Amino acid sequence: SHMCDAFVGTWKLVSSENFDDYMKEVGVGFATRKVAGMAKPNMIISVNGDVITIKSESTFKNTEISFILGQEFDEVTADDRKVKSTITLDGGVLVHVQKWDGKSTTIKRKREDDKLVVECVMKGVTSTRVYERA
């Protein structure tokens, strides 16, 4: 067992707050905002050894990242940004920082009750998205 075990599973989006504004701050264009905002992704998290895999599956796009905590990787996001990412575990929270074009955003995934609570922050705008077990 590892602390990271509480994140493993299939998680379905059940609520979203402020995601459109967050996407505006990120620089996402109108059509992508509308279609991506409409999606109801599943977040599938698994662990094999030191490698964590996070998949997002939806009608819009399917994405998959695999990584080792603290080891930077190149990621293409669902909106087609080419970013350099690092994910660490800080006090039980998975903290994902993405850097591109002199910009940064942070995505924090936390287990709270039976939910996965995901907070995304860009330049003072936060979005909160809540996922429940599928």
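The first residue of the sequence shown is number 1, and the count goes up from there.
Taking the PDB entry as given, 120-128 carries the higher mean Cα B factor of the two stretches 120-128 and 11-19. Across the two stretches, 23-31 and 99-107, the PDB entry reports the greater mean Cα temperature factor for 99-107. Of the candidates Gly91, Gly37, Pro41, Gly70, the deposited coordinates give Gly91 the top C-alpha B factor.
Note on the listed residues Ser66, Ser46, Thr59, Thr63: the highest Cα temperature factor in the record is that of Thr63. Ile54 sits in the lowest third of its chain by CA B factor, as recorded in the PDB entry. Ranked against the other modelled residues of its chain, the C-alpha B-factor of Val83 as given in the entry falls in the middle third.
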